[PDB]
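Next come structure tokens for two forms of one protein chain, structure 1 first, structure 2 second.
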Structure 1
């Protein structure tokens, strides 16, 4: 049977994503000096304020004012006309910082985590969330290179796709609806914005085979959007966890990723579960798969591993599990080495999705032996 599915993505200037990106900029600053830094950094953004709160164990000396302001400048908030300015906003810091066989390190917390993959795209991700992210990334590219200099940092996209099912797999047929709202400078009209959104953004990102006569476009649906970001709005780290992962597809364990080092299995085991799911699909063992893992605080080994193939394998779920246990060691002290999780690359994961890119180690499938 057929169904519609909708995923959302948000640009770097959305207040929740500002916080994710600042959190990871703080993490990256620690890791550049101290690869073994432990970081749990939560960020809050509201009118005129960034606040940092959390715990850090690190030998680094980090200038938080500079790291935060620079990230805000990088996002593109440099003037009160845009709603926020890195030069004059309030930065408050409440980070409590202590000084300090690695394969046996215990999980930093308990929790459950999922990975997912699907053969419907080359990236091995759901089409809805690939397209939603790609529309926001293209907005930011065109903003930053001056192709559309009226663009500002805050944006939200929603993409509805009509699917068919094929023996537990999902086959995207057409884009049903695209919604784009993007922040903009006072000096452009809506007719021009709408035309640019359709021609320079949607047509540059969405394969033409999914767009047809009945595709519904809602471009700047709420009209003008001059002020954005944290102004009259409050955001927090870890409030876009569905957007950061599979856009509604598969499942989620509840843990946020941004501002967390590798011992926080919320992030490292979700990355490893994605790596497992992608490896199974690119291995041709199934067409779509969900992987669950779980941990207890202070315990190095997973408490559970489970594999659900949606009926898209010739192997049983039990046989896939046995294969997974022969090819992967999901201790955090081992995941760190296989996925290089002490490298300061996290600020790049904080927008446009943690999954479906090529450059990240969890997106390179492992050759399986079975």
Structure 2
């Protein structure tokens, strides 16, 4: 009684959509290394043998797109035609133009940096939950860690049949507690991972349980009733872009909260700080996690929204799930007194000209590595 299921997924570094996110952010970082004020909107598309870059960049940097793309693919692990994709020999196509001058004049031309307009309209959410120390849902934390474990065991050679393309999915049974949520047990785990031709299904399923799941998921969460769907398709030799086209910004729930919270629809990768889809979502995460680590909430959702060309957010909303003694109105007032959500101030607070974006583009943007948006702000009230 009072229990429910919730499911989240994650994907690996070689999932084709995630390849695109990583490449887009490799391009962004390459520009930022030379020009901290680069305007970047780089979409990547991946299909058999092809990486296409399409979008808009205005920058003083000189970037060798061939080299940057190929290095990103190399890092992921696609280095031979036997794996379905090879950084050495794939096609790299570039369709990158300047930023529209109409956008530039309306957003940033001649504006004081603190008073730059949002680079687009849109809405964004931040979320935090005290169910884990890092203030993330357990479902997606576990899903990410399963993909990370696959990559680890691939790279260290202990499961050399593994390839870079993987997906995981975790269903947890929760109890609720005055609006907060309490994990009880893992109900179902899915793992699918690309593999070499020679390994059999039974060898894979045994390894996935023993060397992946048991290594990652605490035994206290696994019991006789847990359902395992390990290599449920039965065969996954074809993978990466050869198996499924990839695009930037097609894993936005994997990138964020795994179905928990909410999403405003904007993708992160390939975008500089003036694109509030990224900067304001990072800031909203920072606000949410500041409220939870500050002891004001156990769980909270923050919405913000913007108009192109306008600095200040159009709206800010706080939803605390009943997990605060303060009203949502009071929390909103605390937020407004402690945060300035103009993009030209977020950039300073969160150090958003620094070329660290490729590191964000797999395993989620939140809940790890003490990025600036993960370090709570101390609140005055």
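For clarity, a rigid core is taken as the largest C-alpha set superposing within 1.5 Å between two forms. Residue numbers count along the first chain shown, from 1.
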Superposing on the rigid core between structure 1 and structure 2, the only one of 112, 241, 290, 196 with a Cα displacement of 2 Å or more is 196
Tell me, please, whether between structure 1 and structure 2 the C-alpha of residue 145 is shifted by 2 Å or more, with the rigid core used for superposition. yes
Once both forms sit on the same rigid core, is the C-alpha displacement of residue 185 at or above 2 Å between structure 1 and structure 2?
yes
Core-aligned, does residue 223 move its Cα 2 Å or more between structure 1 and structure 2?
-> yes
The CA shift of residue 332 between structure 1 and structure 2, rigid core aligned, in angstrom, is 0.1
For residue 208, the CA shift between structure 1 and structure 2 after fitting the core, in Å, is 2.7
